[PDB]
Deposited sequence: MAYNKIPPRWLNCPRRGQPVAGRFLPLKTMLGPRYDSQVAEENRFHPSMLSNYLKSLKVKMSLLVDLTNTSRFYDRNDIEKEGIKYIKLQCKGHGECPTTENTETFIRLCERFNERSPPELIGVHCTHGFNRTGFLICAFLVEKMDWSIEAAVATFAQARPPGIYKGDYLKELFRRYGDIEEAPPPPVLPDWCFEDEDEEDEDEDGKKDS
């Protein structure tokens, strides 16, 4: 079954720090019977969009911990490096080891780096913000606020925002999660 709350979720955010492109997961043709034409997001749609702008993606980081959504060969056949980066499960935010893995990988790679989880907000924003602070010397306040504007409403799990502030700023200054837009729950019933 297609993931819940995916049909209404924007396919991509604006690029962050001129380097990262936040995305929801693509869904290959295997799901076309569950997804109307106007809502599809096959891997070909992403590479065709980049080609239309004469932009290359150097690497696509998949944070979903699954191979059921789409075929990684649809990305690699276009010359984009593909990495499946396993993140801590059980709803927990990425560990320090996961953030180090992410940083080690992205620092080797102008071209964009695509980053996606299932929906493109929490694991995706967490790792992008961690990279911006540890490698690009941004403040965590700036990283979180920029991700929220680029991919609204940004990270929305309160524990993720608190853990970023614990690692990189003052935990007492962590913002509460944003109020969510009405599209988030259109499919609940």
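Peer 1: For this chain, which runs of the deposited sequence have no C-alpha coordinates, given in order from the N-terminus?
Peer 2: Unobserved in coordinates, per deposited numbering: 1-4, 114-118, 199-210.
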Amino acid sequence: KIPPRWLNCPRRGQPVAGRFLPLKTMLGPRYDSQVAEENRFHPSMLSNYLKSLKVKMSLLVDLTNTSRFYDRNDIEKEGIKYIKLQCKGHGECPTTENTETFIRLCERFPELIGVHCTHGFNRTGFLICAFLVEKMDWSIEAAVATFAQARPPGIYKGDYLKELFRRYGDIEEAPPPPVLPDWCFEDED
From here on, numbers count along this sequence of modelled residues.
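Peer 1: May I ask you to compare 43-51 and 119-127 by their mean CA B factor in the entry and name the higher one?
Peer 2: Averaged over C-alpha atoms, the B-factors run higher in 43-51.
Peer 1: Do the CA atoms of 135-143 or those of 34-42 have the higher mean B-factor in the entry?
Peer 2: For C-alpha atoms only, the mean B-factor is higher in 34-42.
Peer 1: Between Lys84, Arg108, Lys81, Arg72, which one tops the list for Cα B-factor in this entry?
Peer 2: Within the set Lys84, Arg108, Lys81, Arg72, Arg108 shows the top C-alpha B-factor.
Peer 1: Just the C-alpha B-factor column, please: which of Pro10, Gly169, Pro15, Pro177 has the biggest number?
Peer 2: Comparing C-alpha B-factors across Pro10, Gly169, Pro15, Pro177, the top value belongs to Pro177.
Peer 1: Going by the recorded CA B-factors, say which third of the chain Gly114 sits in, lowest, middle or highest.
Peer 2: Within its chain, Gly114 is a lowest-third residue by C-alpha B-factor, going by the deposited values.
Peer 1: Please place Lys157 in the lowest, middle or highest third of its chain by C-alpha B factor as given in the entry.
Peer 2: Ranked within chain, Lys157 CA B lands in the middle tercile.
Peer 1: If you rank the chain by CA B-factor, which third does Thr66 end up in: lowest, middle or highest?
Peer 2: It belongs to the highest third of the chain when residues are ordered by C-alpha B-factor.
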